[PDB]
Number of protein chains: 2
Amino acid sequence: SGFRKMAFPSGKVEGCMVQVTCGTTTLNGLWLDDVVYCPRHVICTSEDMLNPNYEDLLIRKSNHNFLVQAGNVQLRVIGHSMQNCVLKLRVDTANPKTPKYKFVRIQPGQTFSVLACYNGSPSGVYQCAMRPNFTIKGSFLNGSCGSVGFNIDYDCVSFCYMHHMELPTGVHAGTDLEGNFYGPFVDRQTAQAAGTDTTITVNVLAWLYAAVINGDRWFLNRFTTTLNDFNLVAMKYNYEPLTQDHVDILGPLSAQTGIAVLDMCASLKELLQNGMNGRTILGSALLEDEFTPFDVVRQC
Amino acid sequence: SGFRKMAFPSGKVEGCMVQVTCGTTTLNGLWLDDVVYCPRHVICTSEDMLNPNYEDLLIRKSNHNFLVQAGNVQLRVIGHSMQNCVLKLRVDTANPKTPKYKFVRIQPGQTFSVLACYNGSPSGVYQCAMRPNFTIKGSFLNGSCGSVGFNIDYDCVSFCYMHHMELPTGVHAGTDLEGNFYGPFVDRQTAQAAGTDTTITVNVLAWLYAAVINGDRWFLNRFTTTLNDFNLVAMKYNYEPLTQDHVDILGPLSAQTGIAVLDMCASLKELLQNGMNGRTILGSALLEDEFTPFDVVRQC
């Protein structure tokens with residue numbers, strides 16, 4: 001028992017992280033087979049970032065303008081291509097530690113593990129969720145660009161995020177591994193800001209089920225509610241709408257605990273209306289929304 | 001920026017985890033050089049656990065009574081020894097992926113990363129702190145015994161924890177890697193329970209500094225306090241005493257932010273006395289005490 005925000009073991013990803021330098025900019029790259037993936041803004045100067053034309057900037061680079069370092073061994077770049085906001089650097093050596101992998105784009109509300117790296121060297125691993133406004137609340141310092149987010153399934157690493165930038169609110173924005181941004185963000189200097197966010201309701205319910213599985217039951221009640229009547233109170237507190245699909249996904253957790261989904265919804269409605277009253281749930285004094293139903297079943 | 005509960009990259013430890021079976025019990029072992037370390041209760045039946053004499057139980061075992069599996073490759077056990085509450089199984093093959101490592105015992109209040117494994121297979125990684133009452137609030141299911149806790153320094157893995165048992169409150173107890181329990185717990189079935197816990201004050205102050213470094217300043221005030229006057233209010237709320245050593249350790253964080261330690265203490269005193277008033281600090285609605293001063297400097 002116990003419930004922790006838990007990341008996937010990172011070893012399979014650590015063996016893919018390399019250092020990529022272009023000019024005076026150094027950041028992280030992902031080395032899979034004979035390709036290294038990194039943010040395309042590695043080719044940019046601070047002056048370019050104001051209004052870059054990446055097609056123009058890249059046609060002016062040579063293979064030798066990219067220094068790739070895998071620990072000690074330097075990787076010879078034998079070609080380069082742009083794919084949306086990611087650069088693909090073909091190197092003359094296939095990474096001998098390439099795991100079985102896939103590039104998967106995730107949905108707002110789903111979680112992934114982030115391996116934060118600097119100069120190609122992994123520093124830490126932590127779990128995040130893709131927010132409804134397509135930002136992530138990560139922990140990233142200067143030099144973290146190119147760090148990746150991933151899930152693991154059996155032996156297969158599903159890469160879903162590459163880090164590109166920090167927004168003015170301190171939240172983070174990036175792309176999938178095909179180079180396509182999450183959300184309406186761009187890799188240039190603009191006034192862009194995160195939109196208004198909402199709470200991931202299905203995740204809050206999953207986490208309340210985790211609490212029950214762990215013997216935390218004080219927030220339960222005998223009342224129930226309809227899906228409609230719940231969603232009227234959800235909207236009022238900036239919660240995402242709950243759908244029948246979400247109810248169905250919560251089925252297994254409902255079965256294991258014997259608490260119907262709309263019964264749990266009645267508990268959540270009271271928690272929203274009365275607050276927590278100096279009590280905690282699974283060690284937190286607020287309603288946690290960065291655990292998916294899968295995360296709960298996996299840990300419990 | 002951003003602040004997350006962040007574990008060390010686990011790859012170096014994943015390569016050391018193996019499966020150890022004795023009789024009908026299966027759990028995890030740590031494979032370093034030609035030795036596999038695991039909880040000695042692996043040799044126990046449920047009847048033995050009531051009042052085991054481990055010296056007697058082990059003299060009755062042979063090398064062939066221990067099945068060690070490193071992924072597929074089975075490890076031939078060529079000798080065994082007991083070291084306190086850990087069993088040491090000499091195997092005929094030295095782990096080719098043995099990292100540079102040390103066995104270090106930690107203090108209450110310090111943190112470490114836990115690699116939770118099952119059947120020798122890593123499942124997740126998360127950060128924990130050693131509580132003042134020598135328990136940890138982990139996330140462990142049946143079969144997690146033998147999972148290890150560690151810190152990483154440069155290239156050196158400092159192992160500090162092996163998981164042995166769950167206490168009735170759902171918290172966890174284990175040993176250092178020399179087999180010596182943290183706290184007054186034993187590896188047999190008794191009425192043992194965690195003692196009363198306290199909050200790690202120096203860590204709360206470190207985390208308030210993390211908040212300031214990240215632009216969260218609402219809890220600050222212009223008031224100050226003496227160490228003595230702080231510690232009178234600390235005791236009242238079940239906080240550990242703050243010492244001049246703790247003030248000195250917080251020096252760098254005080255310098256980076258320009259906020260004196262006893263100034264931060266005045267803010268903490270007001271937070272304890274008035275509560276948080278529906279506001280959050282670094283995304284939490286309670287005072288977080290599982291980040292050391294080192295953890296803050298490392299992430300910030």
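Heavy-atom basis, side chains included; hydrogens, waters and symmetry copies ignored. In the text below, chain A, chain B and the rest are named by the order of the sequence lines, each starting its count at 1.
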| said: At a heavy-atom distance under 4.5 Å, which candidate from A:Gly11, A:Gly124, A:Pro9 has the highest pair count against chain B? | reply: A:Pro9
Chain A contact via [X] - side chain, backbone, both or neither, heavy atoms under 4.5 Å:
X: B:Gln127; result: backbone
X: B:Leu286; result: both
X: B:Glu166; result: side chain
X: B:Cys300; result: backbone
X: B:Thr280; result: side chain

| Just checking heavy atoms, which of residues 134-143 of chain A are less than 4.5 Å from chain B? | A:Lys137, A:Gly138, A:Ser139, A:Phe140, A:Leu141
| field | Residues in side chain to side chain contact (heavy atoms under 4.5 Å, CB included) contact with B:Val212, at least two apart in sequence or another chain | value |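 Residues passing side chain to side chain contact (heavy atoms under 4.5 Å, CB included) with B:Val212: B:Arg217, B:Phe219, B:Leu220, B:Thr257, B:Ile259, B:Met264.
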| Hey, is the main chain of A:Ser10 close enough, under 3.5 Å, to the side chain of B:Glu14 for a donor-acceptor pair? |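 At least one qualifying donor-acceptor pair exists.
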| query | Where the side chain of A:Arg298 meets the backbone of B:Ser123, is there a donor-acceptor pair that is under 3.5 Å apart? | reply |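 Yes: the side chain of A:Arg298 pairs with the backbone of B:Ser123.
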| query | Is it true that A:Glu290 and B:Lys5 have a side-chain N and a carboxylate O under 4.0 angstrom from each other? | reply | no
| So with a 6.0 Å cut-off around CD of B:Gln189, is the heavy-atom count from everything else above 12? |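 12 or below, so no.
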| query | Among B:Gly215, B:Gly15, B:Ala285, B:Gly283, who wins on heavy-atom pairs under 4.5 Å with chain A? | reply |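 If we count pairs closer than 4.5 Å to chain A, B:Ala285 comes out on top.
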